[PDB]
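Enquirer: first chunk of the complex, coordinates as they sit in the assembly:
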Amino acid sequence: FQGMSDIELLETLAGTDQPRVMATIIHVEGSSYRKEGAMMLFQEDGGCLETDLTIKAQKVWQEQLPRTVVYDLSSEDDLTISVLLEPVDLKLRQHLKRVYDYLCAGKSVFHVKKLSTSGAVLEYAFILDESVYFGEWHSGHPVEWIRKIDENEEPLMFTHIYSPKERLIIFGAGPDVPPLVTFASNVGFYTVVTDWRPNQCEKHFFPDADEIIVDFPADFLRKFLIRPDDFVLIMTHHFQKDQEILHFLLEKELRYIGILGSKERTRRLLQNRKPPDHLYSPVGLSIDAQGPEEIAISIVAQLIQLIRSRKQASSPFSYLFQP
Amino acid sequence: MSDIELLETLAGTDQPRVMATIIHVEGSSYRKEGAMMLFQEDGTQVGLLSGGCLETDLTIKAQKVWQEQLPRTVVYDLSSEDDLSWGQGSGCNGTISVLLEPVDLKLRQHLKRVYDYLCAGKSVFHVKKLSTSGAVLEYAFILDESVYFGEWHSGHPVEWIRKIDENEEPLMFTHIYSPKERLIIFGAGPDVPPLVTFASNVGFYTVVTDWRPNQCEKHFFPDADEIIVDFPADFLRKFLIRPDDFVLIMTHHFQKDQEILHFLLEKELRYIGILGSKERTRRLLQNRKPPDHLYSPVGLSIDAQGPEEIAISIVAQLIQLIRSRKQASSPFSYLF
C-alpha cells in the first residue's frame, strides 16, 4: 500500500496499457499502519489483506464495476478499514494520464469521489480551479457540491489532493551537496543542482539529481524559472555568489530560502536589504549535526516538517472553502 | 567521511597522501576541531574542511609537505578569504589551524594497525606532540595506560597527557578513533530499506533481522552490514546487544515487538525506538517499568508520512542524541 508516491503511482499507469485495478483506503476506524487516502495498484497477471484484495480486484476487473470492501482489522497481530476497488478503465486511464501531466507541470489536482450507500462510485472529478475540472462528473460544480455537503447526512464523499513533485533548487555543487541530493531524491523531491564549476558538476557526483545546470548564478536565475512553491537551498560556500543568489530572490515570492552558514553571515549577505519572508538561516533543524551527511539529514527533516506543518493549513485548495 | 572509512581509504590505492587535520578552531567554521581530510597525488580529496577556496591552497601546501616529508601547521583567517578567491571569499567569521602530515611508510603502517583495532571493535586514543613551529615532534596510538604504538620516544604518553598545562597546552592534539555506532533493526518490511540507507550513509553499522527470508534478500538491503534471518527470540539469544547500541523495533507484529521489548527491558541501552503510537507501546509494556531510553513514537515530530520521511525522522533523532549526549562519555575517560 503506502510505499509509493502519488506521482510515482500515476507514472506506472502511463507505461502500462495492461489490465489494472486501483485500490484506495477511503475510510479508517481505529488503529491501522496505513492512513486514509493510501493507494495501491493490482495488475491482472505480501500479506493476508493484500491476498484477499487480489481476488476481489480480479472480480472488479471482470465485472468492470467498483466495490467497497470493509476489513475488520481487529486482531492482536495488527491484521476497521474501507478499501475502494476501481477498474482503471479507458475513461479513468485517460483522466489519470491528464492528472499526471498536471503534476509534471507542477500544478496540484483536487480529486473528489461521490460514492453510493452500497459503496459504488457514482461520480468523480479532478478539480484545478473554481471552474476548471475534468472527469466523470455529471452533477453541477464539483467545488460547490463539496462546500454544500451536509454535516452528518453527507459522509458518502471521498477527497484526495494529488500533489506534484516538490522541487528543491540547490545552489552549489561542493562535496557536501551529493548526500543532500540523495536524501532529498529518496524522500521524493525533484532536485536541480546548479554551480558555475563544470568539474564539480560531473553526473557521477549527482546520479540522483534530475537536473545539473552548469552556469553562473546570474545566468541560471535569468534562464531557469523558479516557481513560488519551490524550495531554494543556497550552499555555494562563496559569499559573493550566495549574495548574488539571495539579492535576486529577495522580492520573489518563495516558499523556502535556506542558506548554509550563521545568522551573522546571512545578515552580512543582506547588507542594505529587507530580508525575505521565508528565510531559514541556519538551515535545517537544530540536531547539532556535524559533516555533510548529518547536515543533509537536518535539511531534509526541516523540509518534511514544513511541507507537513503547512499541509495542516490546507495550502493548495483551502481558498475554495472560505467565502 | 567516518574515521574508519577514512582509514579504510589508506589501506586501498597506496599512493602519496598528505593528511589534513583541523587541530584548532576560533569562531565559526563548517567543520569542528578533529575533522580530517586526505590530499592525494591523483588530485582527489577524501573529505572537506571548508568547502570553499581553502582546499585549493591546501592542495599546494600538501604537495610541499609531501616533497619536504615534513609536517606543517597552516592558519587560515576564513573571514579575510579575499586573499584566496576570484570573489569576496568564504565569508565564515572564523580562523582555523590545519595540520598537514605526510602519510609516510611509518604512519601508513600505524594507521593500518588503528583500522584493524576498529575492525576488532576496540577504540584507539591518538595524541600528537607539536613543536612551537607547528611540526609534529611525537605521536602515539594508545589502547590502554601501558599499551601504545606509533612514533613516541619520550615517556608514557598517557602520563604526559594527564600532566599537561591545563585544558590542553596548545602544543597537544588528541583524537579518539572509535568503531562505528551500531543500529540493530528488528523488521525487514518495505519501510526498512530507506532507514538502512540513511543510517548507513550517516555512519552507522547496520544489522537487519527478521524471521521472513524473502523480505531479507540482500538486494533489498545492499547497505546493511549484517542481515540475520531468525525469530526475534533466537536472535536475542544468539546476537549480543551491547549497552552502547541503538535498537529500532519495527516488525509491525505486536507479539514479535513485545518479545523484543520485554527482553531489552532491564538491559541498559543507549536507545530503543518502537514504530507506532504511545498507546500501542503502552499495550506492548503491558504494565512494566518502561526503559530509560524508550522513544515512542519513534523519530522527531516532523509529521513524517511514508517510509522515506519516517526514516529521515529516525536518523535525525539518532544524530540529535549522539551529538546532544554528554561528550564526557569517551571509552578513555577511565584513564583521566
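Expert: Received, thanks. Residues are numbered from 1 along each chain as shown, chains lettered A, B, ... in the order given.

Enquirer: so what does the helix or strand hosting residue A:219 touch, helix or strand wise?
Expert: In this assignment (DSSP states H and E), residue A:219 forms part of helix A:217-223. Secondary-structure packing of helix A:217-223 (3 or more C-beta pairs under 8 Å, 6 or more residues apart in numbering or on different chains; DSSP states H and E): helix A:239-249. All C-beta atoms are positioned from the backbone trio N, CA, C, and that covers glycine.

Enquirer: ok, the residue lying farthest from the centre of chain A to residue A:250 distance?
Expert: Distance to the chain centre peaks in chain A at residue A:272, reaching 36.6 Å (criterion: C-alpha atoms, centre = their mean). Look at residue A:272 and residue A:250: by C-beta to C-beta, to the nearest Å, they are 11 Å apart.

Enquirer: Repeat that for residue A:218.
Expert: Residue A:218 is 14 Å from residue A:250, where distance means C-beta to C-beta.

Enquirer: do residue A:227 as well
Expert: Per C-beta to C-beta, residue A:227 is found 17 Å from residue A:250.

Enquirer: same question, residue A:198
Expert: 28 Å.

Enquirer: The two: who's more crowded?
Expert: residue A:250 (14 against 11; other C-beta atoms under 10 Å in any protein chain shown).

Enquirer: isn't that one right up against residue A:269?
Expert: No: in this structure residue A:250 lies outside contact range of residue A:269 using C-beta atoms under 8 Å: 10.5 Å.

Enquirer: so who does the closest residue to residue A:229 other than its chain neighbours touch?
Expert: Nearest residue to residue A:229, sequence neighbours excluded (C-beta to C-beta, 6 or more residues apart in numbering or on different chains): residue A:255, at 5.5 Å. Counting by C-beta atoms under 8 Å, 6 or more residues apart in numbering or on different chains, residue A:255 touches A:228-231, A:278.

Enquirer: Equivalent analysis for residue A:245, please.
Expert: The contact partners of residue A:245, by C-beta under 8 Å, 6+ apart, come to A:171, A:217, A:221, A:232, A:234, A:236.

Enquirer: mind listing what's buried in the lengthiest helix in chain A?
Expert: Counting residues, the longest helix found in chain A (DSSP state H) is helix A:292-309. Neighbour counts using 16 or more other C-beta atoms under 10 Å in any protein chain shown place A:292-307 of helix A:292-309 among the buried residues.

Enquirer: Quick one: classify the residue farthest from the centre of chain A as helix, strand or coil.
Expert: Three-state assignment for residue A:272 (DSSP: H, G, I helix; E, B strand; the rest coil): coil.

Enquirer: go ahead and place chain C:
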Amino acid sequence: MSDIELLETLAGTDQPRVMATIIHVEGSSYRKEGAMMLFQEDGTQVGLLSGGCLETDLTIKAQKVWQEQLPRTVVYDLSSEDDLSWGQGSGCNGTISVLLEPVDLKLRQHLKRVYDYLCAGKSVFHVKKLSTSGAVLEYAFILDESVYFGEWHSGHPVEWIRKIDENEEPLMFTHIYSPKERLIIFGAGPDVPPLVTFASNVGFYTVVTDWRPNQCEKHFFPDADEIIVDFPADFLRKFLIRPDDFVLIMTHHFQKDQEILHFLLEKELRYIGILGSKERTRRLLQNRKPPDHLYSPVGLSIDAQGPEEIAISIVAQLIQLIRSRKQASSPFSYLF
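Expert: Chain C now in position relative to the chains above:
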C-alpha cells in the same frame, strides 16, 4: 587553441578571466614564446603552456592577479620543478617567463575589437610595454603606422617599436594576431571529409567546392566553414583566391582538375596540391610551366593508404610548410 578561437572564447561566457602569455623562453619548453592560455573563474583553462604541474601554480597566481587587478610576470625553472610536484617534476630543461594579465572591462573590449578585425580578415599587431617589475605599463593594437587602439598613452607605438634597444629590449613583447589560414578544397568525394576534419582541428579555414550537390550535404562536412556547390569554372570566376591561400585539387576528374590547375597557373600561390601521380599531373600540365609551389604527389611520403591516412599526410605537409617557410613573411613587415 588558435588566436581567433581564444579571442572568440572571451566574447562568450563573460566571467573573471586572467590571460597567461609566454613572453620569454630560455632552453626547452612544450610551447614557444607568444603562446597563450586563459585562466577562468569556473576552474576551466583554455589552452596549455607546459601540461605539467605548472598550470596548478599559475591558477593560484591568476586568482591573485584578478583580485589585485594588476599584471604579473612569473618565472618558472621547469628543470627544478621538484618544488611544484608530488614527484620529480616536469623534467624539461628550460626556464619560461609567463605574463598574467586580468581581462578587465578595458582589455575585454579591446580583444573583442581585435576578434572583429580578424573576422573581417585584417591582422592586428600587438605590443606590450613592460615595467622593470614585470607589470604592463602600456599596450596597443596596431592596424597601420597611424591607426592603433588599446591602453597606449605615450607616442606612436610603431615609432616606439622601431626605435627599441636592438633585437627587442627585454621590457617589450610583440605578437601578431592573424586570421585563419585558408584551405580551398576542390572535390567533395568520400576521401575529403577526413581532410576537412584534420585541417579544421589544426586551425585552417576550410572551403569545400564541388559541382555535385548530393556529395556536398552539410552532414558530410560539419567542420567546413564554406561548402560552395558550383562547377570549378564558376567557382574560380566568383570566389577570389588570395596568394596566401592553400589549394587542394582532389576531384578525381581529369578535365575538372585540368581547368582548376590551368586557371591557378600564373596566379601566385602559397600551395597547390594535386591528388594523383606525377605522370597524371604532367598530363594535367600538358606542356605548361609548372607552378612554383606545386606538390604532386600530395602530402609527405609516408606511403599512406586510404582517405584517413592520405588526409594526415596532407595536413602534415601543410604544417611543415607553414612552420618551415621564413617567419620574416609577416603582414607588418612593411612597417620595419
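
Enquirer: same question on what packs on helix A:217-223, but now with chain C added
Expert: Helix A:217-223 packs on helix A:239-249, going by 3+ C-beta pairs under 8 Å, 6+ apart.

Enquirer: check whether the helix it packs on contacts chain C.
Expert: No: Helix A:239-249 does not reach chain C (C-beta under 8 Å from any C-beta of the partner chain); its nearest approach is 10.1 Å.

Enquirer: Mind telling me which residue of chain A is nearest chain C?
Expert: Proximity of chain A to chain C (C-beta to the nearest C-beta) peaks at residue A:197, 4.8 Å away.

Enquirer: quick check: domain ranges of chain A?
Expert: A:1-166, A:167-323 (curated CATH domains).

Enquirer: Which of those has the highest mean neighbour count?
Expert: domain A:167-323 (a mean of 19; mean count of other C-beta atoms under 10 Å in any protein chain shown).

Enquirer: That one: end-to-end distance?
Expert: Domain A:167-323 has an end-to-end distance of 31 Å (criterion: C-alpha to C-alpha, to the nearest Å).

Enquirer: so how far is that domain off the chain centroid?
Expert: Remark: domain A:167-323 is offset 17 Å from the chain centroid, using C-alpha atoms, centre = their mean, to the nearest Å.

Enquirer: Ok, stretch A:99-113 next?
Expert: Using C-alpha atoms, centre = their mean, the offset of stretch A:99-113 from its chain centre is 10 Å.

Enquirer: and if you look at stretch A:16-25?
Expert: Worked out by C-alpha atoms, centre = their mean, stretch A:16-25 lies 20 Å from the chain centre.

Enquirer: Not counting its own residues, what contacts that stretch?
Expert: Residues outside stretch A:16-25 that contact it (C-beta under 8 Å, 6+ apart): A:1, A:13, A:32, A:34-44, A:53, A:57-58, A:60-61, A:81-88, A:92, A:158, A:160.

Enquirer: Just give the nearest non-adjacent residue to residue A:198, would you?
Expert: residue A:214 (4.9 Å).

Enquirer: Does that neighbour have any beta-bridge partners, and if so which?
Expert: For residue A:214, the beta-bridge partners under DSSP bridges are residue A:195.

Enquirer: Hmm, it is touching residue A:195, no?
Expert: Yes: using C-beta under 8 Å, residue A:214 is in contact with residue A:195, at 6.7 Å.

Enquirer: List the residues that contact the most centrally placed residue in chain A.
Expert: Among the residues of chain A, the one closest to the centroid is residue A:163, at 4.3 Å (C-alpha atoms, centre = their mean). Taking C-beta under 8 Å, 6+ apart, we find residue A:163 in contact with A:6-7, A:103, A:108, A:316.

Enquirer: can you slot in chain D too:
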Amino acid sequence: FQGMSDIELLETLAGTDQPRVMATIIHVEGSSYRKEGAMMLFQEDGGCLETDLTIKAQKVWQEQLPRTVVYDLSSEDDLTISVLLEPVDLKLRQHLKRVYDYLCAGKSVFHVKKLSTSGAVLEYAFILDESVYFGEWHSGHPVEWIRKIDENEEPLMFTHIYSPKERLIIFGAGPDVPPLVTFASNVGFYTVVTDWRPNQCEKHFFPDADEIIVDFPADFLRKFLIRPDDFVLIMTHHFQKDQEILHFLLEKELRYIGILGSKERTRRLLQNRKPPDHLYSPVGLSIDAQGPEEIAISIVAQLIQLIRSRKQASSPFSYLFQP
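Expert: The block that follows adds chain D to the chains above:
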C-alpha cells in the same frame, strides 16, 4: 570501394544476416585510384562502375556463383581492373565471422583464393600458422601451395592479409592528448588512454578512446597486457611517471616507444639503463609542429610511416616463405 577498413568491413557482416555479395579488386593493370585488394559490400535491397557492379552482384547472389568482371578503365575522365564478386553464403559468412574474431584478438589472418581460368573461386583458405588454417580448401597445405606457385604458369592466385586493429597505448591524459586520440582513432587505431588523475580522464574529454583506464602507471602495467605489435606513447609531462613507464617497458619486446620531449630528457629518463630497440624521441616526424593539434598530426604521420614502411618487409607472414 577503398574507404572502409578490413576489420570495419568484416564487422558489418556480423550485424547483418541480410543477403550480401562481396566485391574484391583482384587485379589492376595501369592507372586506378583503387588498389589491388580493395573490398566493398553490395547489400541486396555513386559512380558508373559501382552501378554496373550492383546489377552483376544481384545476378551473382541469385546464381549463388562467383564471377570475375573486367573493366577497361581507359577513359580521359578516369572511369584495366578485375573485380571478383563472391556471394557471402552461409559458409563464407561463418569463415569471415571467425576472421573478425581473430582480428579482435589481435591476430592477423592470411587469406588466399585459388581461382579458375574462367574467374571462379575453386578454393579459399584463411591461414594463421604453418599448420593452422580454415575455409573451403580441399587441396594440401595452403602455405605449401603458395610457396610452390610457378613463376609465370601460376598467376591464378590472389592473396590478402586481414590485419587487426593496431593498438595505440597512450600514457597521459593532459589537454594535449584529446587531439591525438581523435586523429589516431579516425585513421583506425584502437586507442587506450591511461592516467592516474580521474578528473583528467572524464569520458567527454576522450569520446573516441576505446578504453580509458584510471590508474598509476605501475598498476596499469601490472593489469593491462601490452602486446609486442602495440604502439606505446609516453606523454604524461611527469618525469618520474615517464621514467616508471619506460623502465618497465625496457626489456619488453615492443614495436614502438615514443616519448614526448627532448633526446636529453629521454637520456635522463634512461639514467643507468640500456635504451630499448624501437625508441623514438623526439616523437613524431620533424615538421616543426607547434601546439597539441600539430604535434598529434606529427605523431600519427610517423605511426602511418612505420606501419607502411615495415609492411614492405611483409612482417606478419614473411617467415612462411624463406626456408
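
Enquirer: now with chain D: the buried residues of helix A:292-309?
Expert: Neighbour counts over helix A:292-309 (16+ other C-beta under 10 Å) mark A:292-307 as buried.

Enquirer: between that helix and helix A:177-187, how many degrees?
Expert: Here helix A:292-309 runs at an angle of 40 degrees relative to helix A:177-187 (axes from the mean of the first three to the mean of the last three C-alpha atoms, to 10 degrees).

Enquirer: Contacts only, for residue A:134.
Expert: Contacts for residue A:134 (C-beta under 8 Å, 6+ apart) come out as A:95, A:98, A:125-126.

Enquirer: Kindly report the same for residue A:309.
Expert: For residue A:309, the contact set (C-beta under 8 Å, 6+ apart) comprises residue B:303.

Enquirer: can you check the one 5 residues further on too?
Expert: For residue A:314, the contacting residues are residue A:321, taking C-beta under 8 Å, 6+ apart as the criterion.

Enquirer: Now the residue in the stretch 1-150 of chain A positioned nearest to chain B: closest residue in space that isn't a chain neighbour?
Expert: At 5.2 Å from chain B, residue A:3 is the closest residue in the stretch 1-150 of chain A, using C-beta to the nearest C-beta. Among residues not flanking residue A:3 along the chain, residue B:190 sits closest, at 5.2 Å (C-beta to C-beta, 6+ apart).

Enquirer: what's the distance between the one you found and chain D?
Expert: Using C-beta to the nearest C-beta, to the nearest Å, we find residue B:190 at a distance of 36 Å from chain D.

Enquirer: and that residue, what are its phi and psi?
Expert: Torsion angles at residue B:190 (phi, psi; degrees, to the nearest 10) stand at phi -70, psi 0.

Enquirer: Tell me which two of the contacts of residue A:134 sit farthest apart.
Expert: A:98 and A:125 (11.8 Å; C-beta to C-beta).

Enquirer: coming back round to it: wait, what's in contact with the residue of the stretch 1-150 of chain A closest to chain B?
Expert: Residues counted as contacts of residue A:3 (C-beta under 8 Å, 6+ apart) are B:190-191, B:306-307.

Enquirer: got it, and residue A:195?
Expert: So residue A:195 contacts A:171-174, A:201, A:214, A:236 (C-beta under 8 Å, 6+ apart).

Enquirer: one more time with 10 Å
Expert: Going by C-beta atoms under 10 Å, 6 or more residues apart in numbering or on different chains, residue A:195 touches A:170-174, A:177, A:201, A:212-217, A:220, A:236, A:238, A:241, C:42.

Enquirer: Over to residue A:172?
Expert: Neighbour list for residue A:172: A:180, A:193-197, A:200, A:217, A:233-238, A:241-242, A:245, A:260, B:51 [criterion: C-beta under 10 Å, 6+ apart].
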